[PDB]
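So that we are looking at the same thing, I have put the structure below in structure tokens.
Note: hydrogens, waters and symmetry copies are ignored here, and every other heavy atom, side chains too, is used. First the proteins, then the strands, lettered A, B, ... as listed; each starts at 1.
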Amino acid sequence: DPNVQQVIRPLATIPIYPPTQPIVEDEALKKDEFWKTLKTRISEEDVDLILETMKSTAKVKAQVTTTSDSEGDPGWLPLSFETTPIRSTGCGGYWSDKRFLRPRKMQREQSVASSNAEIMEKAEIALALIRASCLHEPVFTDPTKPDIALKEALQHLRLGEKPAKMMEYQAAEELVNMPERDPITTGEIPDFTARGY
Amino acid sequence: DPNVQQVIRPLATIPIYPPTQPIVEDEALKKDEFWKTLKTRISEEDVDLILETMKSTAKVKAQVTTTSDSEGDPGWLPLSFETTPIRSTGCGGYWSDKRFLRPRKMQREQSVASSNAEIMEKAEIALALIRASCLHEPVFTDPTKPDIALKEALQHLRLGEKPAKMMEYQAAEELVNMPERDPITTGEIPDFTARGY
Amino acid sequence: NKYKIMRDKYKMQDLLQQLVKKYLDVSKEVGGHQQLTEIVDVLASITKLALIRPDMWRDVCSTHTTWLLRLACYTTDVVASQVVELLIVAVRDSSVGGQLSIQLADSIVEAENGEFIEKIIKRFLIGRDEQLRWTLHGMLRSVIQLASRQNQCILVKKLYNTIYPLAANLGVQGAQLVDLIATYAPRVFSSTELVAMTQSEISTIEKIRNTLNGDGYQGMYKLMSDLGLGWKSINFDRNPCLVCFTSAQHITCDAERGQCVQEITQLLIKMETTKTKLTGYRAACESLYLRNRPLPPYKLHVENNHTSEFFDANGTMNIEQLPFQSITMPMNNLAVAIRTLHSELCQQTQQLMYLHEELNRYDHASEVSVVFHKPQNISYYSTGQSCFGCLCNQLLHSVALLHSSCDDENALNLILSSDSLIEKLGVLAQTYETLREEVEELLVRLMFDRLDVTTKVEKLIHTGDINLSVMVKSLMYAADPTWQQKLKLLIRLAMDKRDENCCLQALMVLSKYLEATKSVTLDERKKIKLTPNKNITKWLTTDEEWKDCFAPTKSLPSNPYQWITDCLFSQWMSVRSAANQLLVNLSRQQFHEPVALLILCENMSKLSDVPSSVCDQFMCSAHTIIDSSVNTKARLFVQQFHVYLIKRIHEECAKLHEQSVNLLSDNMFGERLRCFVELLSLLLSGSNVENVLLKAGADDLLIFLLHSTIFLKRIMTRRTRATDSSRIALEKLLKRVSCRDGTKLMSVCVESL
Amino acid sequence: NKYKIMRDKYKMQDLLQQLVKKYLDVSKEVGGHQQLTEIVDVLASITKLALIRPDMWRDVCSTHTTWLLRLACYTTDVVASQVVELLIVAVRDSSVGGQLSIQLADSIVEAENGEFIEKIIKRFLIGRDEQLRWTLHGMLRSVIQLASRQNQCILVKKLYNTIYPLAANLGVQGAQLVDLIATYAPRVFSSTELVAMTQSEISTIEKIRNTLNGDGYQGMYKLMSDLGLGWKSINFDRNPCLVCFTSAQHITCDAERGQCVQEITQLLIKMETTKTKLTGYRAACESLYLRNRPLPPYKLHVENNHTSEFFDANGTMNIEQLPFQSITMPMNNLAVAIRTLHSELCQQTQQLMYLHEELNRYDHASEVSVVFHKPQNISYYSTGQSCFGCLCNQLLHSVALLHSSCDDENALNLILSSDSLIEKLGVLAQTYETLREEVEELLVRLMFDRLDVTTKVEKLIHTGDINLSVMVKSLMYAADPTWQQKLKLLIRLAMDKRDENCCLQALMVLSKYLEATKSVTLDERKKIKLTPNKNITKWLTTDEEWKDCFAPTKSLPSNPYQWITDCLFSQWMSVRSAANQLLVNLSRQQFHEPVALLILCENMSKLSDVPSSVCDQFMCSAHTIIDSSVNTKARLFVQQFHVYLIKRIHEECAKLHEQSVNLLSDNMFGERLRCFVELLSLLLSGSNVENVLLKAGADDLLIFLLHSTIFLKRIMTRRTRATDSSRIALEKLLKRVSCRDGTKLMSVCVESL
Ligand SMILES: [Zn+2]
Ligand SMILES: [Zn+2]
């Protein structure tokens with residue numbers, strides 16, 4: 001069928017629950033309270049593995065059959081919208097036919113060096129604009145070390161502030177519906193036929 | 001059926017072609033050239049009837065079976081639109097039920113004299129506003145005489161200007177489609193198989 | 001007959017004995033279906049014979065009012081409804097010959113310090129069922145009309161101070177109560193109490209305005225209005241509002257309870273999936289509105305793979321279209337799909353409520369009697385606190401209360417002195433259509449003979465914060481001694497802006513003013529005075545009353561009075577029809593036929609400069625004005641109008657060969673010629689007077705008729721219907737002229753040859 | 001094989017002999033069906049053998065080009081199409097081994113001083129049939145590419161000076177010709193001719209703008225756009241445009257001619273009635289738009305009683321509605337009715353044309369041969385001079401010509417120096433959507449490395465005469481050395497107005513700029529410099545380049561850089577998704593993962609102040625950024641992010657009993673708790689590294705896990721799906737913690753007891 005298009009296109013779902021020279025510590029890490037508290041909780045091999053993972057950077061490279069109430073794997077599903085605004089119906093494609101010869105909206109001719117420089121400058125400006133939005137401006141003494149950079153960025157928030165002495169959670173009240181009884185029944189009946197003649 | 005309304009209501013059609021003390025002339029009428037010309041065209045009874053009519057004031061008091069191409073009586077058909085604007089769908093009738101008791105949008109209480117005075121003043125202002133729109137402001141010395149008022153209103157337009165010496169109307173050109181013949185046929189054929197070997 | 005009356009008395013008293021005894025016996029133990037059935041038949045039996053003798057039933061009810069009130073208050077819906085109807089029959093059906101109905105109403109109000117009536121009002125007047133709300137509205141009306149002053153006051157204060165706060169988050173369920181309060185508060189409340197109520201309602205209006213302005217209802221309202229889905233679908237992926245959408249085996253052992261728990265667990269997943277699908281559809285609806293591509297994907301939280309498959313199968317549209325359904329059909333299909341999903345969500349919510357009710361009944365209410373009323377947990381499951389419709393309805397209730405309180409001078413002063421209340425109300429009315437009408441009405445009340453308020457509202461209209469339509473509404477009510485200022489403002493705005501809406505409103509107001517003169521006598525109508533143009537110019541420019549017009553604060557634009565005549569040929573057909581109707585109405589007034597004729601003759605020259613598709617209303621108006629009467633025809637003939645018409649026809653015929661050779665020009669030529677020929681035929685045809693007119697004026701149109709008929713016959717391929725009609729009418733005129741004057745036709749033919 | 005080649009050559013030349021002889025013989029006398037049938041078979045036979053040896057056919061055609069050109073020019077459509085295809089096969093299909101194709105193209109162009117090619121172009125290139133228009137477009141392309149310089153110039157001047165004026169009033173029929181001119185004029189025209197053509201196109205643009213502004217197309221366009229009928233129904237009661245709507249016995253004696261005349265007479269009445277009905281429907285459509293009642297009646301001219309009965313029967317609607325089709329269904333029904341009437345009018349027009357053609361053929365062409373082409377009187381019956389679509393198409397043709405001429409310096413100067421041409425083009429693009437795209441493209445061409453033009457367009461955008469989207473388009477093309485100014489303007493407008501469209505456009509542009517970095521190597525990407533905030537502040541406030549930022553003409557508003565983060569929780573979901581996509585893209589850049597983590601942690605606190613329905617995209621972005629890599633998980637764990645998450649969970653659980661008891665609050669609580677628990681589970685689950693992290697960090701979350709699990713398990717009636725998911729995940733975490741550390745769990749339970 002050539003007159004039917006896909007205007008709402010689901011993409012691949014990202015699952016939420018996953019399916020289950022030497023490197024030495026710096027001077028700041030050895031003085032860090034949480035680090036020493038960690039060293040007394042696990043073995044030395046585990047600490048070495050944690051440190052190696054910390055200091056390293058990852059090598060970056062129809063029909064419906066499932067029921068609504070079915071159990072499965074939760075995830076995030078992205079939807080792409082290849083639709084046209086209703087106000088733009090029948091517009092914007094006057095010269096869309098490939099058989100036309102006029103030079104249409106093609107990209108300009110640029111050398112490799114100039115293109116790379118322009119791309120890098122545009123990315124730099126965009127990154128500066130986004131980075132200025134942080135409430136606390138981060139200062140990076142050495143950005144090639146990931147742990148140091150993350151520490152410098154996040155150390156002022158005091159994420160490690162332990163919750164205070166915790167108490168028992170007060171239970172949330174439940175939904176109860178007890179129909180009201182007549183107080184007379186839960187505890188003199190006049191003779192209606194006596195008077196009134 | 002209670003869920004169907006009449007949103008377009010035709011009214012009665014006005015047909016276009018109709019189905020086929022003494023009163024004496026004033027001094028201006030006797031001096032009017034057109035009146036003298038009329039006096040020499042018809043009898044005296046006809047002139048008396050015309051004058052009497054001129055000087056007097058009128059006593060003011062489903063299924064489709066007809067085909068599109070049918071012949072009939074032309075006329076003006078008015079259509080009334082009892083529709084609701086689409087932006088106002090489901091609005092404006094919150095207290096429309098007749099069982100409500102709050103004093104709704106009713107008219108204020110007025111005595112007869114005050115109501116008549118207000119109506120007359122409003123009509124006066126509306127008439128003045130509409131009358132100001134004329135290109136030539138009319139002056140009425142006596143509005144109780146209809147012929148005099150109409151003459152005073154319309155005499156400056158010179159409606160009586162006769163068309164000049166008329167000539168023969170030049171006929172409009174007709175639509176003709178004469179296919180173009182080949183000039184060769186309307187008046188040496190080479191031997192194709194001779195050469196080319 | 002007295003024996004029969006005594007027998008009926010004993011019968012009803014024994015029946016009520018039976019009703020009370022059986023109700024008590026059923027309430028003793030846990031009842032069943034059969035337990036309340038005979039109660040229902042007993043109630044129906046007393047109902048059937050009660051309307052035979054309503055006065056005696058009133059006496060019986062007044063003797064034992066407390067028992068009936070208790071029965072209505074505590075039993076289930078079936079019993080309580082019939083008992084309430086019995087009370088209504090006892091109260092209203094009497095002929096109020098004495099004071100007995102007054103005593104009955106007083107006993108109903110006073111009974112148990114008003115606890116019983118308060119419970120009945122709380123249960124039925126603001127309940128789910130609309131019929132019971134109307135029933136209690138009627139009962140309250142009767143009781144309030146029929147009671148003493150102190151009891152009336154007690155009941156009204158009870159309705160406002162206690163019942164009204166409970167209906168705060170129910171949109172249309174509090175309509176009847178608000179109506180009763182708005183009707184009866186100004187008569188039984190003191191000035192201080194009215195002022196306090198006005199202040200409370202102002203605070204409620206401000207709170208709702210902040211809520212509407214804060215949660216982004218305006219943009220989403222605009223989105224739903226532009227797509228045509230309607231304002232009732234503001235948040236269709238939300239948990240449904242039960243006010244606006246009105247729409248399991250009895251547990252015995254623990255295994256069935258576990259099954260019910262599992263069913264609830266599955267239903268939660270189903271509801272979540274349905275809401276996710278609705279969210280996806282809402283994102284698509286938003287994408288149809290925004291003009292920017294390649295807009296990014298929207299990510300949803302899903303519990304399984306059902307949503308992805310659903311949008312794979314159903315996420316399609318039709319690129320082929322049949323004109324002019326290129327937009328309507330896809331939107332209709334989208335509306336159908338969203339309706340199906342929303343209905344499914346509503347049924348799921350109802351089933352969840354039923355399941356939880358059954359679990360609660362098994363857990364706790366397994367031994368309660370079936371005769372007692374079972375409350376429904378509606379306040380927990382109803383999301384009315386964030387429903388656009390319910391918020392607008394509560395705003396309407398507050399506006400109604402303010403309008404009802406405006407009759408007090410102190411309350412009116414408080415309303416007028418509030419911090420920009422009028423501007424806020426105007427902006428609210430402008431933004432949302434649902435609030436526009438009633439708010440406008442309140443403004444009309446504040447725009448009474450007060451002049452400063454009118455000046456403030458006019459300044460706000462000039463700024464652009466209040467619609468001009470308010471003024472138009474204010475002009476539709478009489479007995480207002482400040483109508484001249486508003487009329488001046490409307491006329492000036494129509495004269496300046498030349499917008500279609502302003503012109504249409506002004507023309508309709510003027511036409512109504514002219515039409516209103518049919519309600520008075522002819523002697524009053526004959527008193528209209530023909531003032532010069534300078535008077536109306538002074539009225540427009542300055543700020544004087546009409547009677548005083550016999551420094552230039554306001555300045556008129558370039559020639560301003562022409563606007564009306566421009567409206568006679570407007571591109572908007574509604575404005576065209578309005579202006580032509582106004583002209584016809586003007587033609588029917590006293591001493592104003594010459595004015596309409598002059599306007600017609602002045603605007604005749606526009607037929608050659610405007611497309612004929614715009615002039616049609618003017619042609620109809622001209623036909624009507626000329627056909628007003630035979631006397632008008634004779635007067636117009638004496639002024640040589642037929643000479644003008646024949647000259648126009650001659651000029652139109654002589655210039656055919658200069659025009660373009662295409663269908664449009666021929667259509668325009670035919671339409672203009674048809675108008676002229678129809679006017680001439682109407683002038684010269686009719687009764688014997690028109691025959692005399694045709695006979696008298698046959699010398700100056702015979703040769704033109706003959707040559708125009710020949711010229712129209714010479715056309716073969718450029719033929720339109722209007723040209724054929726014109727040729728036929730001209731032939732009729734020529735044939736009728738030459739019927740008894742063949743010598744003149746012969747002489748004319750000789751002169752032309 | 002040479003014998004076979006000679007036989008084929010003789011056969012083809014003999015077939016051409018028969019073709020010419022039979023064509024002449026048939027043209028001698030009035031032919032019939034059988035007269036051209038064998039001609040058609042001869043053409044088919046010579047075609048079927050032509051593709052076998054295209055070079056020999058090319059030679060034969062080049063020898064006798066004039067006869068084939070004459071046959072294509074003069075015969076009917078069936079013969080002419082085949083002859084044109086034969087010529088195309090002769091020209092294109094050769095391998096251009098030598099100059100033979102050049103000579104063939106030159107002879108085609110030069111033949112009879114170009115009369116034959118001019119006639120062919122006039123007949124087929126701008127004809128009714130689109131396939132033949134494309135065929136002639138291809139033939140002209142091949143001839144122009146394959147000819148000499150002088151012949152190319154002659155052909156292009158002929159196309160522009162002669163053929164182009166004829167297609168003035170045909171909307172889409174002149175598209176191919178305009179395309180050819182726009183492609184080949186700048187290469188063969190001199191500067192003076194290009195300037196003259198530019199001036200002519202500017203004059204055409206001004207004339208069309210005056211026509212559009214004068215006949216009231218803007219208001220009626222708005223009316224049709226607001227009702228959803230579409231811009232293609234601007235005047236549906238008008239005589240149909242034949243370009244935009246593509247869709248009798250042979251007279252022998254005078255009686256049949258009289259019957260044909262009578263049929264024409266009846267058809268005129270039928271067409272008039274149909275147009276009157278369409279006018280009534282148009283008046284109803286207008287009434288659905290205007291808000292003022294009791295708007296007056298509209299009067300129509302009728303020829304009979306059919307229209308009144310039609311509107312009595314069909315003038316109904318449905319008050320009942322199924323939500324949310326309260327608007328869509330009536331509009332769809334109205335569109336269906338108008339479509340039916342319009343189709344009937346189109347068929348009536350076609351029938352009228354056929355009847356007049358038959359009458360003309362009988363009157364005059366009763367003896368002409370059937371082999372000659374029969375012209376159709378389309379220019380008379382086509383009302384394209386007042387068609388909105390055709391006017392817009394001709395405007396698009398002029399815009400394309402201007403864009404093609406912009407390559408010349410003098411033409412560009414003339415365009416820039418015209419009287420407010422840029423402002424007029426911007427206003428035209430803003431008013432009508434059909435013209436928006438292409439006009440914008442031309443503006444982008446005028447907004448090249450020139451700076452003054454950019455300043456003028458920016459001033460016009462600030463005034464409100466040109467849409468900001470133009471700049472966005474200008475930012476989608478590289479190699480422009482003035483992009484910084486436009487980027488500054490867009491960023492400032494998004495920062496100030498906070499309109500949904502401006503924010504969406506700015507966010508998409510920034511996201512595209514960030515995504516473009518995947519096209520370069522890692523060494524180039526590692527050269528990003530982390531400049532302080534003062535540099536970007538100076539860039540925004542002043543008018544310096546980026547490299548120079550290392551008097552304050554422009555002033556920033558209150559804290560301006562927060563806008564992006566505000567967009568992370570916008571009420572418009574498109575803006576929400578755009579901002580979150582931008583954040584995820586930032587997370588993937590060099591040395592910028594800590595920045596994204598800091599933004600995430602700073603905005604985590606907003607979850608308690610905003611409704612959870614708005615935060616969902618932020619939750620997805622947080623999940624993605626945390627799940628970027630295992631090393632990120634370890635680094636975040638060492639910074640004690642899990643302690644923060646467990647504190648948030650504890651605080652959320654402890655404050656439940658303070659919240660209102662309704663469905664909405666429980667849903668929000670469940671969604672927030674689910675987000676926190678999912679983040680914690682993602683942090684602590686995965687590979688062996690995450691198992692080590694969970695083992696190391698079990699002392700500071702065990703008791704919280706236990707007590708939160710108990711608290712969530714204690715809920716029975718206020719259950720949501722999110723709460724169940726959170727409970728299940730917490731139970732999984734607790735079970736996995738206590739699998740091999742039961743002693744710690746026992747100690748914790750003892751401490752809690
Ligand atoms: Zn609601
Ligand atoms: Zn067209």
request  = Can you tell which part of A:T65 gets under 4.5 Å to a heavy atom of chain C, answering side chain, backbone, both or neither?
outcome  =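 Its backbone and side chain both get close to chain C.
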request  = Measure across C:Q13 and A:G196 and return the closest heavy-atom pair with its distance rounded to 0.1 Å.
outcome  =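 The answer is NE2-O, 4.4 Å.
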key: Max heavy-atom pair count under 4.5 Å with chain C, selected residue of A:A62, A:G75, A:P74, A:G72   =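 With the most close heavy-atom pairs to chain C, the winner is A:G75.
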task = Determine, step by step, whether A:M178 and C:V368 satisfy the side chain to side chain contact (heavy atoms under 4.5 Å, CB included) criterion, reporting the C-alpha distance in whole Å, the side-chain angles of both residues, the deciding distance to 0.1 Å, and the verdict.
result = CA-CA 9 Å; A:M178 260 317 332; C:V368 202; 3.8 Å; yes
inquiry  = Can you confirm whether C:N377 sits close enough to A:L175 that some side-chain heavy atom of one is under 4.5 Å from a side-chain heavy atom of the other?
reply    =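 The answer is yes; the side chains approach within 4.5 Å.
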key: C:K374 (side chain) donor-acceptor with A:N177 (main chain) under 3.5 angstrom   =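 Flag set: sc C:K374 to bb A:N177 pair under 3.5 Å.
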message = Just verifying a value: how many Å separate A:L77 CG and C:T307 OG1, rounded to the nearest 0.5 Å?
response =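 These two atoms lie 7.0 Å from each other.
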ask   = In terms of heavy-atom pairs under 4.5 Å with chain C, which of A:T186, A:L79, A:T13, A:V4 leads?
value =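 It is A:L79.
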key: Gap between atom CD of A:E71 and atom CD of C:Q266 - 0.5 Å precision   =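 Rounded to the nearest 0.5 Å, the CD-CD separation comes to 7.5 Å.
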Part of A:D73 within contact of chain C (heavy atom distance under 4.5 Å) =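 Contact with chain C: backbone only.
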ask   = C:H306 versus A:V64: any side-chain heavy-atom pair under 4.5 Å?
value =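 Side chain of C:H306 against side chain of A:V64, heavy atoms only: contact under 4.5 Å found.
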Interchain contact, A:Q5 with chain C, by part (heavy-atom threshold 4.5 Å) =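 Looking at A:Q5, backbone and side chain both touch chain C.
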task = Search all heavy atoms of C:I269 against all heavy atoms of A:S68 and return the closest pair with its distance.
result =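 Taking every non-hydrogen atom into account, CG2-O, 3.7 Å.
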task = Please determine, among C:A365, C:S369, C:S308, C:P330, the option with the most heavy-atom pairs under 4.5 Å with chain A.
result =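 Winner by heavy-atom pair count: C:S308.
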request  = Tell me, for C:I327 versus chain A, whether the close heavy atoms (under 4.5 Å) come from the side chain, the backbone, both or neither.
outcome  =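 Answer is side chain: those atoms of C:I327 sit under 4.5 Å from chain A.
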ask   = In Å and rounded to the nearest 0.5 Å, what is the CG to CZ distance from A:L11 to C:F311?
value =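 Separation between the atoms: 12.5 Å.
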ask   = Short question: side chain of C:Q17, backbone of A:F192 - any donor-acceptor pair under 3.5 Å?
value =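 Checked: pair present.
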request  = Look up atom CD in C:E303 and atom CG in A:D69, then write down how far apart they are to the nearest 0.5 Å.
outcome  =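 If I round to the nearest 0.5 Å, the distance is 12.0 Å.
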message = For the CD atom of A:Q6 and the CG atom of C:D312, what is their distance to the nearest 0.5 Å?
response =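 One finds 6.0 Å between CD of A:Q6 and CG of C:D312.
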query = Any idea which of C:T316, C:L268, C:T273, C:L290 has the most non-hydrogen atom pairs under 4.5 angstrom with chain A?
reply =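 Most heavy-atom pairs within the cutoff with chain A belong to C:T316.
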ask   = With a 4.5 angstrom heavy-atom cut-off, which part of A:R87 approaches chain C: side chain, backbone, both or neither?
value =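 For A:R87, the contact with chain C is made by the side chain alone.
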Close side-chain approach of C:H364 to A:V176, heavy-atom, < 4.5 Å =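 Yes, their side chains come closer than 4.5 Å.
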request  = Please tell me if the side chains of C:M317 and A:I8 come closer than 4.5 Å, counting only heavy atoms from C-beta onward.
outcome  =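 When only atoms from C-beta onward are counted, A:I8 and C:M317 do not touch, as no gap falls below 4.5 Å.
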inquiry  = Would the distance check show the side chain of C:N304 and the main-chain N or O of A:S70 forming a donor-acceptor pair, the cut-off being under 3.5 Å?
reply    =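 At least one qualifying donor-acceptor pair exists.
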key: Which of C:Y380, C:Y289, C:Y74 touches chain A most, by non-hydrogen pairs under 4.5 Å   =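 Highest number of pairs under 4.5 Å: C:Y74.
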task = Measure the CZ-CD distance between C:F310 and A:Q63 for me, rounded to the nearest 0.5 Å.
result =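 One gets 13.5 Å once the value is rounded to the nearest 0.5 Å.
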inquiry  = Can you confirm whether C:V302 sits close enough to A:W76 that some side-chain heavy atom of one is under 4.5 Å from a side-chain heavy atom of the other?
reply    =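 Sidechains of A:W76 and C:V302: no contact.
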task = Kindly indicate, with the supporting measurements, whether the criterion side chain to side chain contact (heavy atoms under 4.5 Å, CB included) is fulfilled by A:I16 and C:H301.
result = CA-CA 9 Å; A:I16 283 181; C:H301 190 234; 3.3 Å; yes
task = Specify the closest pair of heavy atoms between A:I86 and C:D226, including all atoms of both residues, with the distance to one decimal.
result =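 Minimum heavy-atom contact is CD1-O, 4.2 Å.
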Which of C:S326, C:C73, C:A283, C:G280 touches chain A most, by non-hydrogen pairs under 4.5 Å =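 Greatest number of close heavy-atom pairs with chain A: C:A283.
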query = What is the minimum heavy-atom distance between A:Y197 and C:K9, and which atoms define it?
reply =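 So the two residues come closest at CE2-CG, 3.6 Å.
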key: Proximal component of A:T83, with respect to chain C [non-hydrogen, under 4.5 Å]   =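 For A:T83, heavy atoms of backbone and side chain both lie under 4.5 Å from chain C.
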query = Under 3.5 Å, is there a donor-acceptor pair linking the side chains of A:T66 and C:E309?
reply =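 A pair is found: one side chain offers a donor N or O, the other an acceptor, under 3.5 Å apart.
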message = Looking at every heavy atom in both A:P85 and C:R293, which two are closest together, and how far apart are they?
response =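 Residues A:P85 and C:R293, closest heavy atoms: CD-NH2, 3.4 Å.
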key: Winner by heavy-atom pair count (cut-off under 4.5 Å) against chain A, out of C:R291, C:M271, C:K299   =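 Option with the greatest count: C:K299.
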Heavy-atom closest pair, residues C:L295 and A:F81 =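 The answer is CD2-O, 3.8 Å.
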